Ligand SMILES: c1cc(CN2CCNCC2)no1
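Starting off, we have a lone chain in the form deposited without the named molecule, written out as structure tokens.
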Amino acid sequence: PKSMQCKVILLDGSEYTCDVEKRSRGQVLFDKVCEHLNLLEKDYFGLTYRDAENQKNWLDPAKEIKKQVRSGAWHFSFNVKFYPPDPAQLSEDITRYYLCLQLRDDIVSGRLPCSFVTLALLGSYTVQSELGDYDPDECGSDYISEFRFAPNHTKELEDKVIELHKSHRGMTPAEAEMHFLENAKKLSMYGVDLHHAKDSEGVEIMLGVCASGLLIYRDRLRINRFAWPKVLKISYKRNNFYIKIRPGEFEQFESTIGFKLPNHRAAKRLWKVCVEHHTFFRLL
């Protein structure tokens, strides 16, 4: 039996290495990673890899790893795939913990925009969870934390983190993580996977895929929202991605909205993530 070495970037930034038989399906590797992480609530998570364009793709657990990664290194990242709309309802604290680590990267990367105050409050719960109670000995007026809190750090943000940290005395890691999640879950881009596309008139838009449905971000004025119940059908033809919407209260027939993606692969990627998210909605 010939086995390929796999390297997986974990959400703390560390690297897990293991081997799987070269014709292994993605589920085999994913099961090894989740056992390493002591993670039972595995359905919210998945593995990604980067193609020769360094675009992120979901490893399909049902298909051979080799057929997916094709010519690339067997190098993967462990990630949240389906962001729970109510993290309080997860059965395990360790699940909430990995969700926190993913959200911390969502914030630092700018995928999850956040007000100054929310950056500081989230940062304060992270510090409380990671270091425990506020200690003045480690923090002077000049203090800068090792923790990355934001896409751009300022001394003002570091000060606000410390001020809110002082208020969390006695909070345990699981409690601080639950508070982190209660705040993060409310942010407008929480759990939203964004895809570049053009509308039928060729105007640049963004399509967001999340638990609740599909978002079309046309401009700061006019964000189209299609709850899953409203989406009849989704399709991809060549580079074209089409959404069919149930008849409105004044339509007799469904409406078809068409989008142009960069290439055929980007259309197929968007279709698959939409199908997978809709099934998630169906089981909520």
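The term rigid core refers to the maximal set of C-alpha atoms that superpose within 1.5 Å between the two forms. The first residue of the sequence shown is number 1, and the count goes up from there.
When 118-126 is weighed against 194-202, 194-202 comes out higher, by mean CA B-factor as recorded in the entry.
Mean CA B-factor, 134-142 versus 170-178: the higher value falls on 134-142. Remark: residue 229 belongs to the middle third of its chain, ranked by C-alpha B-factor as recorded. The entry lists a Cα temperature factor for residue 251 that places it in the highest third of the chain's modelled residues. Ranked by Cα temperature factor within the chain, residue 28 sits in the lowest third according to the deposited record. Residue 39: CA B factor in the middle third of modelled residues in this chain (values from the PDB entry). For residue 4, the recorded CA temperature factor ranks within the middle third of the chain's modelled residues.
Quick note: we don't show the form deposited with the named molecule bound, though the next part is all about it.
Residue 239 falls outside the set of residues with a heavy atom inside 4.5 Å of the named molecule in the entry with it bound.
Not displayed here, the named molecule is kept clear of residue 32 by more than 4.5 Å at the level of heavy atoms in the entry with it bound. Although the partner is absent here, residue 75 lies within 4.5 Å of the named molecule in the entry with it bound, judged by heavy atoms. Proximity of residue 56 to the named molecule in the entry with it bound: non-hydrogen atoms within 4.5 Å are present. Residues of 263-284 include none with a non-hydrogen atom no more than 4.5 angstroms from the named molecule in the entry with it bound.
Here the rigid core is superposed between this form and the one not shown, and of 95, 183, 145, 79 the C-alpha of 145 is the only one to shift by 2 Å or more.
Superposition on the rigid core between this form and the one not shown places the CA atom of residue 251 2 Å or more away from its counterpart. The Cα shift for residue 136 between this form and the one not shown, taken after rigid core superposition, is 2 angstroms or larger.
Residue 62 shows a C-alpha shift below 2 Å between this form and the one not shown [criterion: core-superposed Cα displacement of 2 Å]. Compared with the form shown here, the Cα atoms of residue 144 and residue 180 sit 3 Å or more closer together in the entry with it bound.
In the entry with it bound, the CA atoms of residue 155 and residue 143 sit farther apart than in the displayed form, by at least 3 angstroms.
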